[PDB]
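> Begin with these chain(s), straight out of the complex:
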Amino acid sequence: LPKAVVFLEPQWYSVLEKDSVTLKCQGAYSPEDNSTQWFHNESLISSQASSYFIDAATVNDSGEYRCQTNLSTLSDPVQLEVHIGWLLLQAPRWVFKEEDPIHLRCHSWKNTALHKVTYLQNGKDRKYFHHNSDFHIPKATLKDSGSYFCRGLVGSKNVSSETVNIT
């Protein structure tokens, strides 16, 4: 028997509260009764949805998410990191090195409108933006070893994102 696999939608592993997440348990089921089992930190939860939908993401919805089915071994695990804030720096992984444009998204709580956004590394402004927008990098470079965090203007008040380590 194969293992079920859990996918995220959207593909952001770190998210803000109020955000919407969806964990889908891809795979095959048994033609006779096909229910799915979801595991939060190796524990259950209202077991069914082939797609457990996390509608209003909060901190607790955080942890390891795994899924199973009448014809699959326990899925591999998937981590959902949920934080409290106005902004959040996103990216599939922070451990980067070569051939891959560093994708950095500055996200705003409830997706409010963020403007005059800066992207920083080591308390130094590395990139400015009139209107909020992702921060990519042409060709991946070993010269991207630092601590990042974005911030901008939600309306007319300032907001910042917790810092992160782009290793």
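Yep, it's here. Numbers count the residues shown, from 1 in each chain, chains lettered A, B, ... in the order given.
> Give me the secondary structure label for the residue of chain A most remote from its centre.
Going by Cα atoms, centre = their mean, the residue of chain A most distant from its centre is residue A:32, 34.9 Å out. Secondary structure state of residue A:32, per DSSP: H, G, I helix; E, B strand; the rest coil, is coil.
> now residue A:24
Taken by three-state DSSP, the conformation at residue A:24 corresponds to strand.
> again with residue A:153
Secondary structure assignment for residue A:153 (three-state DSSP): strand.
> In contact with it, which residues?
By Cβ atoms under 8 Å, 6 or more residues apart in numbering, residue A:153 lies in contact with A:114-117, A:159. For every residue, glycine as well, the C-beta is placed using N, CA and C.
> so what's the backbone phi/psi at residue A:60?
phi -70, psi -30 (degrees, to the nearest 10).
> ok, and the closest non-adjacent residue to it?
residue A:82 (7.8 Å; Cβ to Cβ, 6 or more residues apart in numbering).
> Make sure residue A:152 is actually in contact with residue A:161.
No: look at residue A:152 against residue A:161 with Cβ atoms under 8 Å: they stay out of range, at 9.3 Å.
> Give the residues shared as contacts by the two.
A:87, A:106.
> does the residue nearest to residue A:60 sit in a helix or strand, and which one?
Residue A:82 belongs to strand A:78-83 when assigned by DSSP states H and E.
> neighbouring strands for that strand, and are they parallel or not?
Looking at strand A:78-83 with DSSP bridges, its partner strands are strand A:14-16 (parallel), strand A:63-69 (antiparallel).
> list the helices and strands the following helix or strand past that strand packs on?
On the C-terminal side of strand A:78-83, the closest following helix or strand by DSSP H and E is strand A:87-90. Packing partners of strand A:87-90 (3 or more Cβ pairs under 8 Å, 6 or more residues apart in numbering; DSSP states H and E): strand A:14-16, strand A:105-108, strand A:146-154.
> which one of those strands lies closest to residue A:75?
strand A:14-16 (20.1 Å; Cβ to Cβ).
> sorry, back to before: count the residues that sit near the residue nearest to residue A:60.
Residue A:82: 20 surrounding residues under other Cβ atoms under 10 Å.
> Quick check: bridge partners of it?
Bridge pairing for residue A:82 - DSSP bridges - gives residue A:15.
> separation between it and residue A:62?
Shown here: residue A:82 relative to residue A:62, a distance of 4 Å by Cβ to Cβ, to the nearest Å.
> add one more, call it chain B:
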Amino acid sequence: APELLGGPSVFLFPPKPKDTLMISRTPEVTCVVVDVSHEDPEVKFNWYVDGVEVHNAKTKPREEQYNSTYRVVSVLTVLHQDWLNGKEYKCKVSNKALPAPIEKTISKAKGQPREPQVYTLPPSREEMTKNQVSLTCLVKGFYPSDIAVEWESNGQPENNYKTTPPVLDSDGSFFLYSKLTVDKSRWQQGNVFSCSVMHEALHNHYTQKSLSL
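So that you can see how it sits with the rest, here is chain B on the chains above:
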């Protein structure tokens, strides 16, 4: 209408110097909150007296619309000594329209408290040409900047007068002037007046000085 993308701000104001100094006056610190979401009003506050909360009594809202948005305020009757002693009053506003709560913390300025000095100055001869002289009383060498001032003539108080706010003095102390507008006569006819100065470093949180010809 007013779009509000952004955490309705919070402002906290201390209490009036007199109210703090007069043991018969109730000094109340206020946590004003503006930009309250039409579609998400009323907030929960949290006052932390130097450390611990104080839900009991010490509370007082009463919503009130405005420009095109609401405005809630939290009054918190203080403790003369406390305040006048350094108690750091914290307020924490929480609207379901913010990602989290906002914490404003205000407290009596820190520094060697200083006892003022009130001097009353008679208008300048060159002003006699006017139809109202100006009774001027100074108030130097004190700290903090908090203080009140008034004018006693005899049995009953004055109105026609203005005062400049404290000004950091060359010696880390403070000072100010309060000019009194009386009529040419009233002064000339030799009447007497009193600069009423209320500050903390006062023998009884009160001093005085009369001004006559």
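> picking that back up, now tell me what touches the strand holding residue A:82 from outside.
A:6-8, A:13-17, A:19, A:21, A:23, A:54, A:57-66, A:162 (Cβ atoms under 8 Å, 6 or more residues apart in numbering or on different chains).
> Stretch A:100-113 too?
By Cβ under 8 Å, 6+ apart, stretch A:100-113 touches A:12, A:15-19, A:85-92, A:96, A:114, A:117, A:119, A:132, A:134-140, A:144, A:148, A:150-152, A:154-155, A:159, A:161, A:166, B:5-6, B:99.
> And the residue nearest the centre of chain B, how far from residue A:47?
Closest to where the C-alpha atoms of chain B average out (Cα atoms, centre = their mean) is residue B:16, at 3.6 Å. Remark: distance between residue B:16 and residue A:47 (Cβ to Cβ) = 62 Å.
> Let me know how buried the residue of chain A found nearest chain B is, in neighbour terms.
Residue of chain A nearest chain B, by Cβ to the nearest Cβ: residue A:155 (3.1 Å). The number of residues packed near residue A:155 is 16, by other Cβ atoms under 10 Å in any protein chain shown.
> For it, give me the backbone phi and psi.
The phi/psi pair for residue A:155 (degrees, to the nearest 10) is phi 90, psi -90.
> returning to that earlier point: among the contacts of strand A:78-83, which ones lie close to chain B?
A:16-17 (Cβ under 8 Å from any Cβ of the partner chain).
> sorry, back to before: check contacts around the residue nearest to the centre of chain B.
Residue B:16 touches B:25, B:27, B:148, counting by Cβ under 8 Å, 6+ apart.
> Could you list the domains of the chain?
By default, I'm working from chain A. Using curated CATH domains, the domain parsing of chain A gives A:1-85, A:86-167.
> that's the wrong chain, I meant chain B
B:8-107, B:108-213.
> Can I get these in CSV including distance to residue A:107?
CSV is the format used below for those (distance: least, Cβ to Cβ, whole Å):
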stretch, distance to residue A:107
domain B:8-107, 11
domain B:108-213, 40
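> Please identify which of those is closest to residue A:40.
domain B:8-107 (23.6 Å).
> From start to finish, how long is the closest one in a straight line?
End-to-end distance for domain B:8-107, by Cα to Cα, to the nearest Å: 23 Å.
> and the closest residue to chain A within chain B, what does it touch?
Residue of chain B nearest chain A, by Cβ to the nearest Cβ: residue B:6 (3.1 Å). Contacts for residue B:6 (Cβ under 8 Å, 6+ apart) come out as A:112, A:154-157, B:35.
> attach chain C to the model above:
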Amino acid sequence: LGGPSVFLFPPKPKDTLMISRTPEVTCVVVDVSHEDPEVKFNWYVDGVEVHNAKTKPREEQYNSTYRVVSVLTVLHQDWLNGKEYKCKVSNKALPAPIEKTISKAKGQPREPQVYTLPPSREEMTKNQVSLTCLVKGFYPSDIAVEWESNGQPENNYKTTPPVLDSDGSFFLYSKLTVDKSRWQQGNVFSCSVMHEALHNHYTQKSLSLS
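Placed with the earlier chains, chain C looks like this:
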């Protein structure tokens, strides 16, 4: 919003009085991207374009953003007569140009009355002495006051900022200190007052013992 911002500054008050001084309203533009650093300034006085009237620009880099500065020199009269100065900045990332006008405070002015008020005996105890000089009934708040003691610019002397009176004018003191000895053993001084009134926007009043 979101884009470059614009701030307009006025001339220095003292610069607007001494004709020997050169006034200038400044129009700063911030949040100028490195993508569209092109900033087009258009200035307008009382409605017409000043064109150049000798206006000057050029750019610099701060945050990781740009800052441009055009600067129009203001003609004393003009300024003082209340002419309005408009600045129209327009960037590419700017949906529609930003206009900022600035102008000297509206309304008829008032001749500031100055009176020197000698210290008080009550204070004739301490070692230093509080000399004072109030100025009242002047408009607007555009005023500076120094203290000529001996054809010099004395040190320790504080002045308060104007305060609105009941009239519509303002007033402000200016306690000037000096060791006792000095004043004590008979000496003189004067506070300098500058407003857009005074004969030559200037007047001085003396104060000593006796």
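> quick recheck of the contacts of residue B:6 now chain C is there?
By Cβ under 8 Å, 6+ apart, the contact list for residue B:6 reads A:112, A:154-157, B:35.
> dump the residue contacts of the residue nearest to it when sequence neighbours are not counted.
Distances taken as Cβ to Cβ, 6 or more residues apart in numbering or on different chains put residue A:155 closest to residue B:6, at 3.1 Å, once the chain neighbours are dropped. Applying Cβ under 8 Å, 6+ apart, we find residue A:155 in contact with A:112-113, B:3-6.
> before we move on, back to that, pull up the gap between the residue farthest from the centre of chain A and chain C, please.
57 Å (Cβ to the nearest Cβ, to the nearest Å).
> and that residue, how far is that from residue C:95?
Applying Cβ to Cβ, the value for residue A:32 to residue C:95 is 62 Å.
> Do I have it right that residue B:161 meets residue B:137?
No: using Cβ under 8 Å, residue B:161 is not in contact with residue B:137; the gap is 9.7 Å.
> Around chain B, pick out the residues from chain A.
Within reach of chain B by Cβ under 8 Å from any Cβ, chain A has these residues: A:16-17, A:84-86, A:109-110, A:112-113, A:154-157.
> how about the residues of chain B that lie near chain C?
Residues of chain B found near chain C (Cβ under 8 Å from any Cβ) are B:117, B:119-124, B:126-127, B:130, B:134, B:136, B:138, B:140, B:160, B:162-165, B:167, B:169-170, B:175-177, B:179, B:181, B:209.
> change it to 6 Å
B:119, B:121, B:124, B:126-127, B:162, B:164, B:167, B:170, B:177 (Cβ under 6 Å from any Cβ of the partner chain).
> At which residues are the strands of chain B located?
B:10-13, B:28-36, B:48-49, B:70-77, B:89-93, B:102-106, B:118-121, B:134-142, B:148-152, B:161-163, B:174-181, B:193-198, B:209-211 (DSSP state E).
> got those strands as a markdown table, with mean neighbour count and distance to chain A columns?
Listed next are these as a markdown table, based on neighbours: other Cβ atoms under 10 Å in any protein chain shown; distance: least, Cβ to the nearest Cβ, whole Å:
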| stretch | mean neighbour count | distance to chain A |
| --- | --- | --- |
| strand B:10-13 | 18 | 11 |
| strand B:28-36 | 20 | 9 |
| strand B:48-49 | 16 | 20 |
| strand B:70-77 | 19 | 17 |
| strand B:89-93 | 22 | 14 |
| strand B:102-106 | 15 | 10 |
| strand B:118-121 | 22 | 43 |
| strand B:134-142 | 24 | 37 |
| strand B:148-152 | 18 | 35 |
| strand B:161-163 | 19 | 34 |
| strand B:174-181 | 23 | 33 |
| strand B:193-198 | 21 | 38 |
| strand B:209-211 | 18 | 48 |
